[PDB]
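The lines below spell out each chain.
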Amino acid sequence: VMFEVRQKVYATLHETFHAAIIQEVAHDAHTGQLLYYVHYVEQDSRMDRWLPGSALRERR
């Protein structure tokens, strides 16, 4: 499963899934893996972080 910029997702944060949105996508050169800069919808920008796809779920 792939995710896109502005896609609504669920993202783990301290072992809990929270509604989030993907702000940016970037390819980690060394392992080719896609990493996503997620913003938690009900948290401050400070909580924004880079996460692998294994931490994300579709939200709809």
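Residues numbered from 1 in each chain as written, not as in the entry; some residues may be left out. Heavy atoms only, no water. Residues with missing side-chain atoms left out of burial classes, pairs and counts.

### Some remarks on the pattern of salt bridges
And step 1. Scanning the model with the defined rule gives one salt bridge in all.
And step 2. Residue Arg 46 is joined to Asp 44 by a salt bridge in which the shortest nitrogen-to-oxygen separation is 3.3 Å.
And step 3. Judged by its relative accessible area of 69%, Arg 46 is exposed.
And step 4. The class for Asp 44 is partly exposed, based on a relative accessible area of 35%. (Salt bridge = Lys/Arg side-chain N within 4 Å of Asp/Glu carboxyl O. Buried < 20%, exposed > 50% of the residue type's maximum accessible area, 1.4 Å probe, protein only.)

### Side note on the side chain of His 39
And step 1. On the secondary structure map, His 39 appears in strand β3 (residues 34-40).
And step 2. A polar contact is formed between the side chain of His 39 and the side chain of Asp 48, at a distance of 2.7 Å.
And step 3. For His 39, the residues in contact, after removing those within four places along its chain, are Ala 20, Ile 21, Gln 23, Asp 44, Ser 45 and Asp 48. (Helix = DSSP H or I, 4+ residues; strand = E, 2+ residues; numbered from the N terminus. Polar contact = N/O pair within 3.5 Å; in protein donor to acceptor, adjacent residues only side chain to side chain. Contact = heavy atoms within 4.5 Å.)

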